[PDB]
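> need a 3D model of the following:
(one chain, ligands or ions: 2)
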Amino acid sequence: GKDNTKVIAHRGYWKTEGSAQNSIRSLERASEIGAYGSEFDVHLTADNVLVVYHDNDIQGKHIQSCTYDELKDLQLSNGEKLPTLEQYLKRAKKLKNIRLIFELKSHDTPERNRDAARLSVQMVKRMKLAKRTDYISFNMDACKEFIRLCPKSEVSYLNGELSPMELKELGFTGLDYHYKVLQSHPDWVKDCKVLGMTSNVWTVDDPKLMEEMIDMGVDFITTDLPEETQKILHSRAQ
Ligand SMILES: [Mg+2]
Ligand SMILES: [Mg+2]
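Numbers count the residues shown, from 1 in each chain. Ligands and ions are numbered 1, 2, ... in the order given. Right below this line is the structure:
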């Protein structure tokens, strides 16, 4: 029957010429290929500036305890400067076709996670992107604050241990779980459907596994090879 699986470019479309994880180029290239969404990772600096980067440390600097001034001139793998979230969102605003899959990274206390989530929602709001921005996090305190602040927004849990029923009760609108969790709990995708929630799986790059997850009926696949997933979905729709 009909596949209902859409493609999320993990860290943007970075496995392509001139691109880099979590970059302006990767966001642009995700849009250029027509992916459903582009995922990116967000930290709050010591001085409350939101920046875009996966790892907790960049070139020996721990992002969450450093000021933005210490970090601002550090370069990505393609020579771009470390993006501010504001810069990321200014570019995303002109890219109309694409959903923004905003991962808030885990912060150092529950209260700091709440602060990072509040400031994230404020930035998304002032940049006029609340309609196109979905939140994901490993951190439960961050997720709960996004749910509280944005009851009509999409919020999915990353960490893998809560059933869809448990997530629905907390006000989540989806799960976004490691593929092995969904292999270990093969009924959770169906339960999400029954519960009116979305299912997302990360980070799936092997073609046999993409097929397995599409067969299971995941709403989204988060991948470092987004064009391969698109090809597979196109061939299957023939
Ligand atoms: Mg079919
Ligand atoms: Mg991420």
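> how long is stretch 12-23 end to end?
By Cα to Cα, to the nearest Å, the extent of stretch 12-23 from end to end equals 7 Å.
> chain center to it: distance?
Relative to its parent chain, stretch 12-23 has a centroid offset of 15 Å by Cα atoms, centre = their mean, to the nearest Å.
> so is it next to ligand 2?
No: judged by Cβ under 5 Å from the ion, stretch 12-23 makes no contact with ligand 2; its nearest approach is 8.4 Å. Heads up, the C-betas are built off the backbone N, CA and C, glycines and all.
> what sits up against that stretch?
Stretch 12-23 has contacts (Cβ atoms under 8 Å, 6 or more residues apart in numbering) with 11, 25-30, 32-33, 35, 38-41, 52-54, 76-78, 80, 83, 224-227.
> now do the end-to-end distance for stretch 218-233.
End-to-end distance for stretch 218-233, by Cα to Cα: 12 Å.
> and what of stretch 219-229?
13 Å.
> which ones are touching residue 164?
For residue 164, the contacting residues are 175, 188, 191, 192, 195, 197, by Cβ under 8 Å, 6+ apart.
> what about the helices in the chain?
Ranges of helices in the chain, per DSSP state H, are 24-32, 68-71, 85-94, 110-126, 140-149, 164-169, 179-184, 188-194, 207-216, 226-236.
> from residue 2, how far out is residue 180?
Taking Cβ to Cβ, to the nearest Å as the measure, residue 180 falls 27 Å from residue 2.
> show me which of those two is the more surrounded one.
Per other Cβ atoms under 10 Å, whichever of residue 180 and residue 2 has more neighbours is residue 180, with 10 against 5.
> gap between the more buried one and ligand 2?
When distance is defined by Cβ to the ion, to the nearest Å, residue 180 is 17 Å away from ligand 2.
> do you know how far that residue is from residue 232?
Counting by Cβ to Cβ, the gap from residue 180 to residue 232 is 20 Å.
> the residue lying closest to residue 213 once chain neighbours are set aside: neighbour count?
Here the nearest residue to residue 213 in space, its sequence neighbours aside, is residue 201; by Cβ to Cβ, 6 or more residues apart in numbering that works out to 5.1 Å. By other Cβ under 10 Å, 29 other residues sit near residue 201.
> ok, residue 201 touching residue 212?
No: Residue 201 lies out of contact with residue 212 (Cβ atoms under 8 Å); the separation is 9.6 Å.
> next one: stretch 139-153 to chain centre, how far?
Centroid displacement of stretch 139-153 relative to its chain, using Cα atoms, centre = their mean, is 15 Å.
> buried ones in that stretch?
For stretch 139-153, the neighbour count (16 or more other Cβ atoms under 10 Å) marks 139, 140, 141, 142, 143, 144, 145, 146, 147, 149, 150, 153 as buried.
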